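One file, run_3.tsv, carrying TSV, C-alpha atoms:
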```tsv
chain	number	residue	atom	x	y	z
A	1	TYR	CA	44.21	119.34	130.19
A	2	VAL	CA	46.43	117.44	132.63
A	3	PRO	CA	49.95	116.01	132.17
A	4	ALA	CA	50.13	112.43	133.32
A	5	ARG	CA	53.26	112.74	135.48
A	6	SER	CA	51.60	115.49	137.51
A	7	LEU	CA	49.15	112.77	138.66
A	8	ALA	CA	52.04	110.72	140.04
A	9	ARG	CA	50.97	108.89	143.20
A	10	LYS	CA	48.17	111.32	144.00
A	11	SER	CA	45.45	110.32	146.43
A	12	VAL	CA	42.20	108.93	145.05
A	13	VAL	CA	38.94	109.59	146.92
A	14	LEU	CA	35.25	108.73	146.55
A	15	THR	CA	32.27	111.10	146.24
A	16	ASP	CA	31.61	110.99	150.01
A	17	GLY	CA	35.23	111.48	151.13
A	18	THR	CA	36.64	107.97	151.60
A	19	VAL	CA	40.37	107.73	150.85
A	20	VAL	CA	40.64	105.01	148.18
A	21	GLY	CA	44.41	104.98	147.77
A	22	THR	CA	47.27	106.40	145.74
A	23	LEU	CA	47.28	106.30	141.94
A	24	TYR	CA	49.73	103.70	140.64
A	25	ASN	CA	49.30	103.77	136.86
A	26	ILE	CA	46.88	104.45	134.01
A	27	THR	CA	45.67	101.98	131.39
A	28	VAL	CA	45.31	103.35	127.84
A	29	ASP	CA	44.63	102.13	124.30
A	30	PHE	CA	47.65	103.10	122.18
A	31	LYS	CA	45.89	103.12	118.80
A	32	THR	CA	42.68	104.80	119.90
A	33	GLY	CA	44.16	106.97	122.63
A	34	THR	CA	41.22	106.16	124.92
A	35	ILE	CA	41.93	106.11	128.64
A	36	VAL	CA	40.56	102.80	129.97
A	37	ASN	CA	41.31	102.33	133.71
A	38	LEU	CA	42.90	103.81	136.75
A	39	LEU	CA	45.12	101.52	138.80
A	40	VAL	CA	45.04	102.60	142.46
A	41	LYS	CA	47.30	101.30	145.22
A	42	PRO	CA	44.68	100.47	147.89
A	43	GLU	CA	44.46	101.99	151.36
A	44	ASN	CA	40.86	101.25	152.37
A	45	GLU	CA	38.41	98.45	151.48
A	46	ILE	CA	35.77	99.73	149.11
A	47	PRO	CA	33.73	96.88	147.57
A	48	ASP	CA	32.75	99.11	144.62
A	49	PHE	CA	35.91	98.36	142.56
A	50	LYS	CA	37.22	94.97	141.48
A	51	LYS	CA	40.87	94.01	141.92
A	52	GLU	CA	43.77	92.54	139.95
A	53	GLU	CA	47.36	92.13	141.16
A	54	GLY	CA	46.25	93.95	144.31
A	55	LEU	CA	45.23	97.22	142.65
A	56	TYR	CA	41.82	98.82	142.26
A	57	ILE	CA	40.59	98.77	138.66
A	58	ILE	CA	38.63	102.03	138.39
A	59	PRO	CA	37.01	102.48	134.94
A	60	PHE	CA	37.83	105.97	133.74
A	61	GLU	CA	34.10	106.41	133.00
A	62	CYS	CA	33.69	106.86	136.79
A	63	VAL	CA	36.26	109.66	137.24
A	64	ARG	CA	34.67	113.03	137.88
A	65	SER	CA	37.63	115.35	138.43
A	66	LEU	CA	41.40	115.32	138.52
A	67	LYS	CA	42.58	118.38	140.41
A	68	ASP	CA	44.50	118.15	143.68
A	69	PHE	CA	42.54	115.01	144.63
A	70	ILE	CA	41.47	112.37	142.11
A	71	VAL	CA	37.72	112.09	142.63
A	72	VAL	CA	35.85	108.91	141.71
A	73	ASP	CA	32.29	107.61	141.83
A	74	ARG	CA	30.75	104.14	141.88
A	75	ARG	CA	29.05	104.74	138.50
B	1	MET	CA	47.36	97.91	121.70
B	2	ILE	CA	46.15	98.43	125.30
B	3	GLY	CA	48.73	98.97	128.02
B	4	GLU	CA	50.06	101.22	130.71
B	5	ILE	CA	50.84	104.94	130.43
B	6	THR	CA	54.33	104.58	131.90
B	7	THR	CA	55.33	102.79	128.69
B	8	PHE	CA	55.42	106.13	126.82
B	9	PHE	CA	58.06	107.50	129.14
B	10	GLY	CA	61.49	107.70	127.56
B	11	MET	CA	60.36	106.36	124.19
B	12	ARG	CA	62.00	107.79	121.11
B	13	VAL	CA	59.62	109.19	118.49
B	14	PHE	CA	60.30	108.94	114.76
B	15	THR	CA	58.32	110.02	111.73
B	16	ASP	CA	56.96	107.61	109.16
B	17	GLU	CA	59.78	108.81	106.95
B	18	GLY	CA	62.39	107.53	109.40
B	19	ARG	CA	63.30	110.92	110.83
B	20	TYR	CA	64.04	111.31	114.53
B	21	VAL	CA	61.69	113.59	116.47
B	22	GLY	CA	62.66	113.18	120.12
B	23	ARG	CA	61.98	111.45	123.43
B	24	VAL	CA	58.65	111.37	125.21
B	25	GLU	CA	58.77	113.38	128.42
B	26	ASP	CA	55.12	113.37	129.44
B	27	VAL	CA	51.61	112.48	128.26
B	28	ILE	CA	48.82	115.08	128.10
B	29	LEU	CA	45.38	113.85	129.18
B	30	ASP	CA	41.78	115.03	128.84
B	31	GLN	CA	39.07	114.03	131.31
B	32	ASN	CA	36.27	115.41	129.10
B	33	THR	CA	37.03	113.07	126.18
B	34	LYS	CA	38.64	110.27	128.22
B	35	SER	CA	41.57	110.31	125.87
B	36	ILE	CA	45.20	111.15	125.40
B	37	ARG	CA	45.46	114.69	124.03
B	38	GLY	CA	49.13	114.97	123.09
B	39	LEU	CA	52.64	113.78	123.83
B	40	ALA	CA	55.19	116.05	125.49
B	41	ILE	CA	58.54	115.70	123.70
B	42	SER	CA	62.02	116.75	124.75
B	43	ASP	CA	65.56	116.28	123.39
B	44	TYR	CA	63.82	117.22	120.20
B	45	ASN	CA	65.27	117.49	116.71
B	46	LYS	CA	66.38	121.06	115.89
B	47	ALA	CA	66.71	120.24	112.17
B	48	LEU	CA	62.93	119.67	112.17
B	49	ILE	CA	61.54	122.04	114.81
B	50	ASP	CA	62.16	125.80	114.96
B	51	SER	CA	61.48	126.51	118.60
B	52	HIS	CA	63.14	127.51	121.88
B	53	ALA	CA	60.81	125.73	124.31
B	54	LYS	CA	62.14	123.11	126.72
B	55	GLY	CA	59.70	120.72	125.06
B	56	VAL	CA	57.01	120.60	122.41
B	57	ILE	CA	53.61	118.89	122.35
B	58	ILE	CA	52.59	116.66	119.45
B	59	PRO	CA	48.83	116.04	119.19
B	60	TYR	CA	48.00	112.40	119.71
B	61	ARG	CA	46.02	112.06	116.46
B	62	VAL	CA	49.26	112.08	114.43
B	63	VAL	CA	50.56	109.01	116.29
B	64	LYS	CA	50.55	105.97	114.02
B	65	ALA	CA	52.20	103.22	116.06
B	66	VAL	CA	53.56	102.54	119.55
B	67	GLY	CA	55.98	99.64	119.74
B	68	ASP	CA	59.63	99.84	120.69
B	69	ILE	CA	59.49	103.37	119.23
B	70	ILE	CA	56.63	105.76	118.49
B	71	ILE	CA	56.01	106.50	114.81
B	72	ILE	CA	54.10	109.65	113.87
B	73	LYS	CA	52.91	111.21	110.61
B	74	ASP	CA	55.74	113.32	109.19
B	75	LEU	CA	54.51	116.88	109.45
B	76	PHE	CA	57.90	118.66	109.45
B	77	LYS	CA	57.70	119.88	105.87
B	78	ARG	CA	56.84	123.08	104.05
B	79	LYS	CA	53.74	123.58	101.97
B	80	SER	CA	54.21	125.45	98.69
B	81	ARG	CA	51.95	128.42	97.88
B	82	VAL	CA	50.35	128.39	94.44
B	83	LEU	CA	51.19	131.19	91.99
B	84	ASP	CA	48.59	132.34	89.49
B	85	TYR	CA	50.98	133.14	86.62
B	86	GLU	CA	53.56	130.44	87.43
B	87	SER	CA	53.20	126.67	87.16
B	88	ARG	CA	55.94	126.52	89.80
B	89	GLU	CA	54.97	127.07	93.42
B	90	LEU	CA	56.56	129.32	96.03
B	91	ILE	CA	58.17	128.45	99.38
B	92	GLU	CA	58.82	131.05	102.07
```

Could you express the structure from this file as structure tokens?
Amino acid sequence: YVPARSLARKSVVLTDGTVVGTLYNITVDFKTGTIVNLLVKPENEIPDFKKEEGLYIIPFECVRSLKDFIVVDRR
Amino acid sequence: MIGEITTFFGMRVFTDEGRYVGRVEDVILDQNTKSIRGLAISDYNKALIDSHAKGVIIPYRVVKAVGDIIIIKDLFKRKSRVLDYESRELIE
């Protein structure tokens, strides 16, 4: 289990090692409690994630760990 | 319904009987189930919670509504034990 504030502005990286950016916020469903997206402040140019308001929209389905580095995959 | 996690921060929590619970301090997540696990509460109501922790965690399943405040199921009550030779029930 992870508290949300302890993820504040952490770095987000791909499976290979690319630095994707710093976490900006987290999208959630308030009734269901499902986590929907990550919103990452960009630093590199990965084409694997679409964009809105200049943030990467990473589906939480693609997150694979959340320790000292947020680790993310294309699928 | 769907929104950003920062919204929880600082929100006051009440029960569905109108009773103040406290202010959200943090949100507890779970990667395995892709879901919010609980809410970390502080400035919490002593009349309702017997505890000395800085904050307490409410499981997310008791959350009923998130609006301008968070409403949860009122669970700050005492059950009464049944007595075999008494129609009344006991509270300890």

Query - Residues within 9 Å of residue 46 (chain A), only C-alpha atoms, excluding chain neighbours under 2 positions, as a PyMOL selection string - result: chain A and resi 18+20+44+48-49

Report task. For CA of residue 29 (chain B) and CA of residue 19 (chain A), determine how far apart the two atoms are, in Å to one decimal place. Result ->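 Separation of CA of residue 29 (chain B) and CA of residue 19 (chain A): 23.1 Å.
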
**Report entry** Residue list for chain B near chain A as a ChimeraX atom specification, 9 Å, only C-alpha atoms
**Finding:** /B:1-6,25-37,40,60-61,63-66

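Shortest separation to residue 42 (chain B) among B:12, B:18, B:68, B:88 occurs at residue B:12, atoms counted being all atoms listed in the file.
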
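Across the structure, CA of residue 16 (chain B) and CA of residue 76 (chain B) are spaced 11.1 Å apart.
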
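Put simply, CA of residue 47 (chain B) is 21.1 Å away from CA of residue 90 (chain B).
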
**Report entry** For residue 44 (chain B), the nearest of the candidates B:82, B:75, B:24, B:70, counting only C-alpha atoms
**Finding:**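 Checking each of B:82, B:75, B:24, B:70 against residue 44 (chain B), counting only C-alpha atoms, the winner is B:24.
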
Query raised in the report: Which residue, B:9, B:17, B:92, B:71, has the smallest gap to residue 41 (chain B) when you use all atoms listed in the file?
Result: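 Counting all atoms listed in the file, the residue closest to residue 41 (chain B) is B:9.
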
Query raised in the report: Between A:21, A:73, A:13, A:58, which one has atoms that come closest to residue 42 (chain A), using only C-alpha atoms?
Result: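 Answer, going by the shortest atom-to-atom distance: A:21.
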
From the coordinates I just gave you, please extract region 44-75 of chain B so that only N, CA and C atoms remain, then output it as an mmCIF file, in the first residue's frame.
```cif
data_model
loop_
_atom_site.group_PDB
_atom_site.id
_atom_site.type_symbol
_atom_site.label_atom_id
_atom_site.label_comp_id
_atom_site.auth_asym_id
_atom_site.auth_seq_id
_atom_site.Cartn_x
_atom_site.Cartn_y
_atom_site.Cartn_z
ATOM 1 N N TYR B 44 -9.244 14.740 13.922
ATOM 2 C CA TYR B 44 -10.315 13.767 13.887
ATOM 3 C C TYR B 44 -11.103 13.852 15.191
ATOM 4 N N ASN B 45 -12.367 13.459 15.131
ATOM 5 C CA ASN B 45 -13.316 13.748 16.207
ATOM 6 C C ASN B 45 -13.105 12.795 17.390
ATOM 7 N N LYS B 46 -12.688 13.345 18.540
ATOM 8 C CA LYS B 46 -12.405 12.514 19.711
ATOM 9 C C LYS B 46 -13.672 11.898 20.293
ATOM 10 N N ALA B 47 -14.785 12.631 20.249
ATOM 11 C CA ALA B 47 -16.075 12.095 20.667
ATOM 12 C C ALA B 47 -16.437 10.794 19.959
ATOM 13 N N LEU B 48 -15.911 10.561 18.759
ATOM 14 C CA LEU B 48 -16.255 9.380 17.987
ATOM 15 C C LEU B 48 -15.160 8.337 17.934
ATOM 16 N N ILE B 49 -13.896 8.731 18.041
ATOM 17 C CA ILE B 49 -12.776 7.810 17.889
ATOM 18 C C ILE B 49 -11.969 7.788 19.180
ATOM 19 N N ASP B 50 -11.813 6.595 19.758
ATOM 20 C CA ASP B 50 -10.905 6.386 20.887
ATOM 21 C C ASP B 50 -9.562 5.936 20.329
ATOM 22 N N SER B 51 -8.594 6.842 20.337
ATOM 23 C CA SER B 51 -7.333 6.567 19.675
ATOM 24 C C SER B 51 -6.368 7.698 19.989
ATOM 25 N N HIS B 52 -5.074 7.375 19.958
ATOM 26 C CA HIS B 52 -4.017 8.347 20.207
ATOM 27 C C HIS B 52 -3.123 8.561 18.993
ATOM 28 N N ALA B 53 -3.450 7.963 17.851
ATOM 29 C CA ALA B 53 -2.634 8.146 16.659
ATOM 30 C C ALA B 53 -2.744 9.579 16.137
ATOM 31 N N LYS B 54 -1.695 10.023 15.432
ATOM 32 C CA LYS B 54 -1.766 11.304 14.730
ATOM 33 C C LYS B 54 -2.952 11.327 13.774
ATOM 34 N N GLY B 55 -3.201 10.208 13.103
ATOM 35 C CA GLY B 55 -4.286 10.109 12.151
ATOM 36 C C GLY B 55 -4.785 8.684 12.084
ATOM 37 N N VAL B 56 -5.995 8.533 11.553
ATOM 38 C CA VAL B 56 -6.615 7.228 11.394
ATOM 39 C C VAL B 56 -6.943 7.032 9.924
ATOM 40 N N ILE B 57 -7.089 5.768 9.534
ATOM 41 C CA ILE B 57 -7.387 5.395 8.159
ATOM 42 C C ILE B 57 -8.784 4.806 8.107
ATOM 43 N N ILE B 58 -9.615 5.375 7.251
ATOM 44 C CA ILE B 58 -10.960 4.879 6.990
ATOM 45 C C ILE B 58 -10.915 4.097 5.684
ATOM 46 N N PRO B 59 -11.437 2.882 5.634
ATOM 47 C CA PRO B 59 -11.386 2.124 4.380
ATOM 48 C C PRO B 59 -12.291 2.780 3.357
ATOM 49 N N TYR B 60 -11.904 2.688 2.078
ATOM 50 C CA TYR B 60 -12.601 3.515 1.101
ATOM 51 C C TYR B 60 -14.017 3.017 0.845
ATOM 52 N N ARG B 61 -14.280 1.734 1.095
ATOM 53 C CA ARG B 61 -15.587 1.148 0.838
ATOM 54 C C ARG B 61 -16.699 1.775 1.668
ATOM 55 N N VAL B 62 -16.385 2.468 2.767
ATOM 56 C CA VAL B 62 -17.450 3.111 3.528
ATOM 57 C C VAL B 62 -17.723 4.527 3.050
ATOM 58 N N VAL B 63 -17.023 4.992 2.012
ATOM 59 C CA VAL B 63 -17.275 6.313 1.450
ATOM 60 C C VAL B 63 -18.528 6.259 0.589
ATOM 61 N N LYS B 64 -19.447 7.186 0.829
ATOM 62 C CA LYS B 64 -20.702 7.216 0.098
ATOM 63 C C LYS B 64 -20.741 8.303 -0.955
ATOM 64 N N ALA B 65 -20.101 9.444 -0.705
ATOM 65 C CA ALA B 65 -20.221 10.579 -1.602
ATOM 66 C C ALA B 65 -19.007 11.471 -1.430
ATOM 67 N N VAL B 66 -18.545 12.056 -2.538
ATOM 68 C CA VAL B 66 -17.490 13.066 -2.529
ATOM 69 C C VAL B 66 -18.015 14.271 -3.296
ATOM 70 N N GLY B 67 -18.196 15.381 -2.595
ATOM 71 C CA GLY B 67 -18.738 16.572 -3.205
ATOM 72 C C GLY B 67 -17.961 17.780 -2.746
ATOM 73 N N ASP B 68 -18.604 18.639 -1.956
ATOM 74 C CA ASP B 68 -17.897 19.664 -1.201
ATOM 75 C C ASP B 68 -17.363 19.114 0.111
ATOM 76 N N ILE B 69 -17.970 18.031 0.595
ATOM 77 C CA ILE B 69 -17.535 17.268 1.754
ATOM 78 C C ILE B 69 -17.560 15.803 1.346
ATOM 79 N N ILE B 70 -16.944 14.967 2.168
ATOM 80 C CA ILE B 70 -17.005 13.520 2.000
ATOM 81 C C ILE B 70 -17.973 12.981 3.037
ATOM 82 N N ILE B 71 -18.933 12.180 2.594
ATOM 83 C CA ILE B 71 -19.887 11.530 3.480
ATOM 84 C C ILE B 71 -19.541 10.054 3.546
ATOM 85 N N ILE B 72 -19.453 9.505 4.760
ATOM 86 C CA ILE B 72 -19.205 8.076 4.916
ATOM 87 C C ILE B 72 -20.334 7.437 5.724
ATOM 88 N N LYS B 73 -20.427 6.112 5.623
ATOM 89 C CA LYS B 73 -21.329 5.346 6.478
ATOM 90 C C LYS B 73 -20.959 5.531 7.943
ATOM 91 N N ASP B 74 -21.946 5.854 8.777
ATOM 92 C CA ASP B 74 -21.667 6.072 10.194
ATOM 93 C C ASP B 74 -21.388 4.740 10.859
ATOM 94 N N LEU B 75 -20.141 4.540 11.257
ATOM 95 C CA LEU B 75 -19.745 3.301 11.902
ATOM 96 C C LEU B 75 -19.265 3.524 13.335
#
```
